[PDB]
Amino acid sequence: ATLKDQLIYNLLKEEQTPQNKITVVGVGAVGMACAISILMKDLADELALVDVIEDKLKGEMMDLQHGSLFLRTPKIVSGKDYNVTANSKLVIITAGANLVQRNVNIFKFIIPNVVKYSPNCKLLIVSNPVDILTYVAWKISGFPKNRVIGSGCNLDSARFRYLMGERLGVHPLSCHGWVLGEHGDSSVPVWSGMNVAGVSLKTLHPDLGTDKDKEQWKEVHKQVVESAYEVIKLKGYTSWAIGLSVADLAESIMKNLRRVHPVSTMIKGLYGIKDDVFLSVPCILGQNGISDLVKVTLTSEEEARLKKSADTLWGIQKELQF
């Protein structure tokens, strides 16, 4: 008899399926930071990694497996073939190649393959331009709107709260503030909702977020955009902050928490938007993905900025060939 058979008596060999499986597509700095953060948060019983660069993919999988002793995710798998992703509860897309067209072409291959092996999964899109690519994943997959989630303004809001926390000398967890709309350069800081312990900063300081503000709090949102380009300039890419923010969304979904996050969802029917566009609003996240969304009261200016983003996104999206 083998040493294994001498040591262990088997009761049954019955075929089993993962109960809390997560797949990460694209093993670049973003995908790998998502992976390590998900692993250290014990959110999955199985992690699958997919990429087109086979050697890097194998190396990344092996490196994570070598740290198994320090984790509570018993199975880590990888492959170019999507059969490794079968029965995933959540599929995170961090894969990426004007730039719009080549990322749409990457999705044309990825999304049907994801849908084939995990037809009941929630899709979480991180790849940029995130608002266009969440629409692209929704269009290709044929999934209901609740199961197609864009990372959207989750990171923008996290950076905003970090900067707010630094100015006030308070932990970001206790500094509330929402950055909504189009992810990136065109995002909207909702000044009316910025508060500490339910105390509105705008009520205390009516000049908040205006050019007349002597303390120039508008700079806090300007620094959210500036910080992102600064990190790229300094280290060539960003990874840690996005990975942590994605694992926070993954936690709400995997644990059915029904916490509210600023993520990209199909906004048709709000703020005079009549087109099939995805923009960030506060969404309730759980086991069914986006089950509900918060209807934020926006000022005329804020509403106009979301409508302008929606018009620009639809302008690009109506010319898209699938």
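Start at 1 with the first residue shown and count on from there. Only the largest set of C-alpha atoms that superpose within 1.5 Å between the two forms is called the rigid core.
Student: To spell it out: superpose each other structure in 9 other deposited structures of this protein onto this one by the rigid core, compute Cα RMS over structures and residues for 218-226 and for 120-128. Which is larger?
Tutor: Higher root mean square deviation of C-alphas in 9 other deposited structures of this protein is shown by 218-226.
Student: Aligning on the core, I want to see which stretch wanders more in 9 other deposited structures of this protein. Is it 99-107 or 244-252 by C-alpha RMS?
Tutor: So, of the two stretches, the farther one in 9 other deposited structures of this protein is 99-107.
Student: Between residues given as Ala97 and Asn98, how many of the deposited sequence are not built: none, 1 to 3, 4 to 9, or 10 or more?
Tutor: In the deposited sequence, 4 to 9 residues between these two have no coordinates.
Student: Using the B-factors recorded in the PDB entry, average over the C-alpha atoms of 163-171 and of 215-223, then report which stretch comes out higher.
Tutor: Comparing 163-171 with 215-223, the higher average CA B-factor belongs to 215-223.
Student: Can you let me know which of the two, 265-273 or 51-59, has the higher average C-alpha B-factor in the entry?
Tutor: Result of the comparison: 265-273.
Student: With respect to C-alpha B-factor, does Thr23 fall in the lowest, middle or highest third of the chain as deposited?
Tutor: Bottom third by C-alpha B-factor.
Student: Among the chain's modelled residues, which third holds the C-alpha B-factor of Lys235?
Tutor: It belongs to the highest third of the chain when residues are ordered by C-alpha B-factor.
Student: Lowest, middle or highest third: where is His183 by C-alpha B factor in its chain?
Tutor: Middle third by C-alpha B-factor.
Student: Would you mind checking where the Cα B-factor of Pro112 ranks among the modelled residues of its chain, as the lowest, middle or highest third?
Tutor: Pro112: CA B-factor falls in the middle third of its chain.
Student: According to the PDB entry, is the CA B factor of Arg102 in the bottom, middle or top third of its chain, that is, lowest, middle or highest?
Tutor: As the PDB entry reports it, the C-alpha B-factor of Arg102 lands in the highest third of its chain.
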